[PDB]
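Take a look at the structure set out below.
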Amino acid sequence: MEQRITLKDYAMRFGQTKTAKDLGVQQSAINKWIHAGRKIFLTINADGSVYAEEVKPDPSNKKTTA
């Protein structure tokens, strides 16, 4: 299986700080990601880094609310 874990699993597993640190983001964005149930998958590298991959659903609308 691929190494694309869920933001929830990795967050509750490794933590919210350890993730935001390896990703290079702010803990503020992480909380907002799970707060709104943002579907994401962070992949673990062989060097010790991690990058959050975003899905690309079907382009139906072009608006943004929350």
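Every chain in the structure tokens takes a letter, A first, then B, and so on in the order presented; its residues are numbered from 1, and the ligands are numbered from 1 following the presented order.
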Handout entry: Surrounding residues of residue A:22 excluding itself and chain neighbours under 3 positions, 12 Å, only C-alpha atoms, as a list in words
Key =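 Those residues are residues 10, 11, 14, 15, 16, 17, 18, 19, 25, 26, 27, 42, 43, 44, 45, 47, 48, 49, 50, 51 and 52 of chain A.
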If you keep N, CA and C atoms, can you produce a file of those selected residues as a short mmCIF file (atom, residue, chain, number, x, y, z; two decimals), in the first residue's frame?
```cif
data_model
loop_
_atom_site.label_atom_id
_atom_site.label_comp_id
_atom_site.auth_asym_id
_atom_site.auth_seq_id
_atom_site.Cartn_x
_atom_site.Cartn_y
_atom_site.Cartn_z
N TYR A 10 -2.48 10.63 10.63
CA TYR A 10 -1.14 11.16 10.86
C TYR A 10 -1.14 12.19 11.99
N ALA A 11 -2.17 13.03 12.02
CA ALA A 11 -2.29 14.06 13.05
C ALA A 11 -2.44 13.44 14.44
N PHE A 14 1.07 10.73 14.70
CA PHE A 14 2.34 11.40 14.90
C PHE A 14 2.17 12.71 15.66
N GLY A 15 1.02 13.35 15.48
CA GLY A 15 0.76 14.61 16.16
C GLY A 15 0.47 15.74 15.18
N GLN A 16 0.01 16.87 15.71
CA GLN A 16 -0.31 18.02 14.88
C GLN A 16 0.91 18.91 14.70
N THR A 17 1.81 18.90 15.68
CA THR A 17 3.01 19.70 15.63
C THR A 17 4.07 19.04 14.75
N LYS A 18 4.29 17.75 14.96
CA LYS A 18 5.27 17.00 14.20
C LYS A 18 4.96 17.04 12.71
N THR A 19 3.67 17.05 12.39
CA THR A 19 3.23 17.08 10.99
C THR A 19 3.45 18.46 10.39
N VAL A 25 4.29 23.95 7.50
CA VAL A 25 3.11 24.80 7.59
C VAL A 25 2.85 25.22 9.03
N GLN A 26 1.78 25.98 9.24
CA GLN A 26 1.42 26.45 10.57
C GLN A 26 0.32 25.57 11.17
N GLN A 27 0.41 25.35 12.48
CA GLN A 27 -0.57 24.53 13.18
C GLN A 27 -1.98 25.10 13.02
N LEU A 42 -1.07 13.04 3.27
CA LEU A 42 0.35 13.38 3.34
C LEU A 42 1.21 12.14 3.12
N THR A 43 2.17 12.25 2.21
CA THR A 43 3.05 11.13 1.91
C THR A 43 4.40 11.28 2.61
N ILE A 44 4.88 10.18 3.18
CA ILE A 44 6.16 10.18 3.88
C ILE A 44 7.31 9.83 2.93
N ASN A 45 8.36 10.64 2.95
CA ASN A 45 9.51 10.40 2.10
C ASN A 45 10.53 9.50 2.79
N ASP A 47 13.55 10.42 3.35
CA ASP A 47 14.52 11.30 3.98
C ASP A 47 14.04 11.78 5.34
N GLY A 48 12.72 11.70 5.55
CA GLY A 48 12.15 12.14 6.82
C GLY A 48 11.21 13.32 6.65
N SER A 49 10.91 13.67 5.40
CA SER A 49 10.01 14.78 5.12
C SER A 49 8.60 14.28 4.82
N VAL A 50 7.65 15.21 4.75
CA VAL A 50 6.26 14.85 4.47
C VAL A 50 5.55 15.99 3.75
N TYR A 51 4.81 15.66 2.70
CA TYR A 51 4.07 16.65 1.93
C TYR A 51 2.60 16.27 1.81
N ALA A 52 1.72 17.23 2.11
CA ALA A 52 0.29 16.99 2.04
C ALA A 52 -0.22 17.10 0.61
#
```
Handout entry: Picked from chain A by DSSP as strand (DSSP E or B), as a PyMOL selection string
Key = chain A and resi 4-6+40-44+50-54
Practice task
May I ask which of the residues A:20, A:29, A:66, A:40 is the closest one to residue A:8, counting only C-alpha atoms?
Solution key: A:40
Practice task
Kindly indicate which residue among A:7, A:61, A:55, A:2 lies nearest to residue A:23, using only C-alpha atoms for the distances.
Solution key: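 Ranked by minimum distance to residue A:23, first place goes to A:7.
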Handout entry: Which of chain A fall in alpha helix (DSSP H), as a PyMOL selection string
Key = chain A and resi 7-13+16-23+27-35
Next, write the just-selected residues to a file, as a PDB file, in the first residue's frame, keeping N, CA and C atoms as the atom set.
```pdb
ATOM      1  N   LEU A   7      -4.807  13.035   6.943  1.00  0.00           N
ATOM      2  CA  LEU A   7      -4.454  14.121   7.847  1.00  0.00           C
ATOM      3  C   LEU A   7      -4.904  13.815   9.272  1.00  0.00           C
ATOM      4  N   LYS A   8      -6.014  13.094   9.395  1.00  0.00           N
ATOM      5  CA  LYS A   8      -6.551  12.731  10.698  1.00  0.00           C
ATOM      6  C   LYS A   8      -5.671  11.692  11.384  1.00  0.00           C
ATOM      7  N   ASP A   9      -5.389  10.601  10.679  1.00  0.00           N
ATOM      8  CA  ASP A   9      -4.559   9.531  11.220  1.00  0.00           C
ATOM      9  C   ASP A   9      -3.176  10.046  11.600  1.00  0.00           C
ATOM     10  N   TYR A  10      -2.482  10.633  10.630  1.00  0.00           N
ATOM     11  CA  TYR A  10      -1.143  11.163  10.859  1.00  0.00           C
ATOM     12  C   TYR A  10      -1.141  12.191  11.988  1.00  0.00           C
ATOM     13  N   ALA A  11      -2.173  13.028  12.022  1.00  0.00           N
ATOM     14  CA  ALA A  11      -2.285  14.058  13.048  1.00  0.00           C
ATOM     15  C   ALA A  11      -2.439  13.443  14.435  1.00  0.00           C
ATOM     16  N   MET A  12      -3.400  12.538  14.574  1.00  0.00           N
ATOM     17  CA  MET A  12      -3.652  11.879  15.850  1.00  0.00           C
ATOM     18  C   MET A  12      -2.572  10.851  16.168  1.00  0.00           C
ATOM     19  N   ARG A  13      -1.902  10.364  15.131  1.00  0.00           N
ATOM     20  CA  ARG A  13      -0.849   9.368  15.298  1.00  0.00           C
ATOM     21  C   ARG A  13       0.481  10.022  15.662  1.00  0.00           C
ATOM     22  N   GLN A  16       0.006  16.865  15.711  1.00  0.00           N
ATOM     23  CA  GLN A  16      -0.311  18.021  14.879  1.00  0.00           C
ATOM     24  C   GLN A  16       0.914  18.913  14.695  1.00  0.00           C
ATOM     25  N   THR A  17       1.806  18.897  15.682  1.00  0.00           N
ATOM     26  CA  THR A  17       3.011  19.701  15.625  1.00  0.00           C
ATOM     27  C   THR A  17       4.074  19.040  14.752  1.00  0.00           C
ATOM     28  N   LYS A  18       4.286  17.746  14.965  1.00  0.00           N
ATOM     29  CA  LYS A  18       5.274  16.995  14.198  1.00  0.00           C
ATOM     30  C   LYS A  18       4.957  17.036  12.709  1.00  0.00           C
ATOM     31  N   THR A  19       3.669  17.046  12.386  1.00  0.00           N
ATOM     32  CA  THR A  19       3.230  17.081  10.995  1.00  0.00           C
ATOM     33  C   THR A  19       3.446  18.464  10.390  1.00  0.00           C
ATOM     34  N   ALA A  20       2.907  19.484  11.051  1.00  0.00           N
ATOM     35  CA  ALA A  20       3.041  20.856  10.579  1.00  0.00           C
ATOM     36  C   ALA A  20       4.507  21.258  10.451  1.00  0.00           C
ATOM     37  N   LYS A  21       5.365  20.602  11.226  1.00  0.00           N
ATOM     38  CA  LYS A  21       6.794  20.895  11.202  1.00  0.00           C
ATOM     39  C   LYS A  21       7.457  20.280   9.971  1.00  0.00           C
ATOM     40  N   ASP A  22       7.186  19.002   9.730  1.00  0.00           N
ATOM     41  CA  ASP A  22       7.757  18.300   8.589  1.00  0.00           C
ATOM     42  C   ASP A  22       7.201  18.844   7.279  1.00  0.00           C
ATOM     43  N   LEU A  23       5.956  19.303   7.316  1.00  0.00           N
ATOM     44  CA  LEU A  23       5.306  19.846   6.129  1.00  0.00           C
ATOM     45  C   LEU A  23       5.747  21.284   5.876  1.00  0.00           C
ATOM     46  N   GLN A  27       0.409  25.351  12.478  1.00  0.00           N
ATOM     47  CA  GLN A  27      -0.573  24.532  13.180  1.00  0.00           C
ATOM     48  C   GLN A  27      -1.980  25.098  13.018  1.00  0.00           C
ATOM     49  N   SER A  28      -2.063  26.384  12.694  1.00  0.00           N
ATOM     50  CA  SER A  28      -3.349  27.044  12.509  1.00  0.00           C
ATOM     51  C   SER A  28      -4.093  26.463  11.312  1.00  0.00           C
ATOM     52  N   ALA A  29      -3.363  26.213  10.230  1.00  0.00           N
ATOM     53  CA  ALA A  29      -3.952  25.660   9.018  1.00  0.00           C
ATOM     54  C   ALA A  29      -4.367  24.207   9.224  1.00  0.00           C
ATOM     55  N   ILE A  30      -3.572  23.472   9.993  1.00  0.00           N
ATOM     56  CA  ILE A  30      -3.861  22.069  10.267  1.00  0.00           C
ATOM     57  C   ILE A  30      -5.196  21.919  10.986  1.00  0.00           C
ATOM     58  N   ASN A  31      -5.406  22.741  12.008  1.00  0.00           N
ATOM     59  CA  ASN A  31      -6.642  22.704  12.778  1.00  0.00           C
ATOM     60  C   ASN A  31      -7.842  23.042  11.900  1.00  0.00           C
ATOM     61  N   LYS A  32      -7.643  23.967  10.967  1.00  0.00           N
ATOM     62  CA  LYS A  32      -8.710  24.383  10.065  1.00  0.00           C
ATOM     63  C   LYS A  32      -9.012  23.305   9.032  1.00  0.00           C
ATOM     64  N   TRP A  33      -8.013  22.491   8.727  1.00  0.00           N
ATOM     65  CA  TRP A  33      -8.157  21.429   7.756  1.00  0.00           C
ATOM     66  C   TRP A  33      -9.067  20.320   8.273  1.00  0.00           C
ATOM     67  N   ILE A  34      -8.855  19.921   9.523  1.00  0.00           N
ATOM     68  CA  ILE A  34      -9.659  18.871  10.138  1.00  0.00           C
ATOM     69  C   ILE A  34     -10.975  19.426  10.673  1.00  0.00           C
ATOM     70  N   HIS A  35     -10.987  20.719  10.984  1.00  0.00           N
ATOM     71  CA  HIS A  35     -12.180  21.372  11.504  1.00  0.00           C
ATOM     72  C   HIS A  35     -13.292  21.390  10.464  1.00  0.00           C
TER      73      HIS A  35
END
```
